[PDB]
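Inspection log for the structure reproduced underneath, given as structure tokens.
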Amino acid sequence: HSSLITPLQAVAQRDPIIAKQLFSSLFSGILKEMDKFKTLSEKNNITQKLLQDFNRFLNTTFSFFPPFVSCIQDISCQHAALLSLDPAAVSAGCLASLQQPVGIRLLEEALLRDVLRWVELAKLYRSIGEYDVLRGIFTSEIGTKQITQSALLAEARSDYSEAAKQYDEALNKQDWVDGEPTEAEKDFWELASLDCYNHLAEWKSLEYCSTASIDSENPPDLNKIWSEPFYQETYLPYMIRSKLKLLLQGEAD
């Protein structure tokens with residue numbers, strides 16, 4: 001009546017998956033067991049300390065380990081407290097640890113019952129293909145500007161000339177007095193401009209439009225691409241790719 005509990009821990013340290021699923025069951029079991037006594041003014045602060053530790057884990061980890069990442073993101077999505085865990089670090093964790101489709105489900109359960117979650121969900125679904133939910137979220141919650149649908153229709157069918165030539169018009173809207181958008185599509189217009197620049201053989205405007213929006217009239221391209229960690233993710237690879245394809249024709253430059 002005890003000779004099963006000890007081989008559980010004996011097989012635990014052998015391979016990580018069984019122990020990961022064991023811990024993810026056991027913590028949820030004890031956390032369900034604390035619901036009986038320990039009344040309402042305890043669970044709130046206990047869960048706040050818990051999510052503080054989970055945010056601490058996901059921020060401070062440096063050696064990317066996929067079963068550990070999936071373990072913490074699995075035990076997050078199973079109670080009524082940990083849903084608003086971290087709409088920022090979860091995407092970096094699942095992208096650098098190649099474990100997208102558990103953090104994706106955590107973000108969807110977060111969006112059940114709130115803009116940057118959609119933004120980093122777009123950066124999530126950009127990793128695994130899935131372009132027909134990528135377009136599907138850039139018309140629902142990021143929008144209310146009537147250039148978005150007009151460029152997305154010329155982008156849904158591959159016609160990436162008009163899909164570029166109604167974005168540089170949209171970027172420099174001077175007054176446009178009907179209300180002004182948030183930054184959540186100010187970046188999206190530039191990013192989709194980069195993408196439709198890249199889908200055609202057009203890098204000369206692409207490098208100038210990428211490297212223009214970070215610095216002054218002449219590029220240092222020296223530390224600001226390395227500082228401000230948005231710039232290592234978004235502006236970096238299209239810039240280096242465009243410079244590469246532009247040099248590979250044959251120049252000196």
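Identifiers in the structure tokens: chain A, B, ... in order shown; residue index from 1 per chain; ligand index from 1 in order shown.
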
What are the nearest atom pairs, with distances in Å to one decimal, for all residues of range 126-181 of chain A that come at most 12 Å from range 90-114 of chain A, using only C-alpha atoms, set out by chain and rising residue number as JSON lines?
{"residue": "A:126", "atom": "CA", "partner": "A:95", "partner_atom": "CA", "distance": 10.3}
{"residue": "A:127", "atom": "CA", "partner": "A:95", "partner_atom": "CA", "distance": 7.7}
{"residue": "A:128", "atom": "CA", "partner": "A:100", "partner_atom": "CA", "distance": 8.1}
{"residue": "A:129", "atom": "CA", "partner": "A:100", "partner_atom": "CA", "distance": 11.7}
{"residue": "A:141", "atom": "CA", "partner": "A:114", "partner_atom": "CA", "distance": 9.7}
{"residue": "A:142", "atom": "CA", "partner": "A:114", "partner_atom": "CA", "distance": 11.2}

Selection: 12 Å around residue 223 in chain A, only C-alpha atoms, excl. self and same-chain fewer than 5 positions, as an MDAnalysis selection string | chainID A and resid 214:215 228:229 231:232 236

For range 33-147 of chain A against range 151-165 of chain A, with a cut-off of 10 Å and counting only C-alpha atoms, what is the closest atom pair and its distance in Å to one decimal for every residue that makes the cut, ordered by chain and number, as JSON lines?
{"residue": "A:131", "atom": "CA", "partner": "A:156", "partner_atom": "CA", "distance": 9.6}
{"residue": "A:132", "atom": "CA", "partner": "A:156", "partner_atom": "CA", "distance": 9.0}
{"residue": "A:135", "atom": "CA", "partner": "A:152", "partner_atom": "CA", "distance": 7.5}
{"residue": "A:138", "atom": "CA", "partner": "A:152", "partner_atom": "CA", "distance": 8.8}
{"residue": "A:139", "atom": "CA", "partner": "A:152", "partner_atom": "CA", "distance": 8.5}
{"residue": "A:146", "atom": "CA", "partner": "A:151", "partner_atom": "CA", "distance": 9.0}
{"residue": "A:147", "atom": "CA", "partner": "A:151", "partner_atom": "CA", "distance": 6.1}

Writing out the chosen residues with C-alpha atoms as a short mmCIF file (atom, residue, chain, number, x, y, z; two decimals), in the first residue's frame:
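The resulting file, result-v3.cif, is shown below:
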data_model
loop_
_atom_site.label_atom_id
_atom_site.label_comp_id
_atom_site.auth_asym_id
_atom_site.auth_seq_id
_atom_site.Cartn_x
_atom_site.Cartn_y
_atom_site.Cartn_z
CA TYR A 131 -1.42 33.47 -41.97
CA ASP A 132 -5.23 33.21 -42.07
CA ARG A 135 -4.91 38.44 -41.15
CA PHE A 138 -5.59 42.45 -37.93
CA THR A 139 -9.15 43.26 -38.95
CA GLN A 146 -10.43 52.14 -43.45
CA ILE A 147 -7.04 51.69 -45.11
#

Among range 6-252 of chain A, which ones does DSSP place in helix (DSSP H, G or I), written as a VMD selection string?
-> chain A and resid 6 to 12 16 to 33 40 to 60 66 to 76 89 to 96 100 to 111 116 to 125 131 to 137 148 to 156 168 to 171 183 to 199 204 to 212 230 to 233 235 to 247

Go ahead and compute the interatomic distance for CA of residue 65 in chain A and CA of residue 133 in chain A, in Å to one decimal.
->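 So the answer is 28.0 Å.
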
Can you tell me, as an MDAnalysis selection string, what residues are no more than 12 Å from residue 76 in chain A when counting only C-alpha atoms, ignoring any on the same chain fewer than 2 positions away?
-> chainID A and resid 24:25 27:28 31 47 50:51 53:55 58 69:74 78:86 90 102:103 105:107 109:110

Pick from A:249, A:149, A:198, A:213, whichever lies nearest to residue 171 in chain A using only C-alpha atoms |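 Among the listed residues, the smallest separation from residue 171 in chain A belongs to A:213.
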
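Proximity to residue 184 in chain A was assessed for A:167, A:197, A:118, A:226 counting only C-alpha atoms; the smallest distance is recorded for A:118.
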
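Among A:204, A:1, A:14, A:224, the residue with the shortest atom-to-atom distance to residue 241 in chain A, counting only C-alpha atoms, is A:204.
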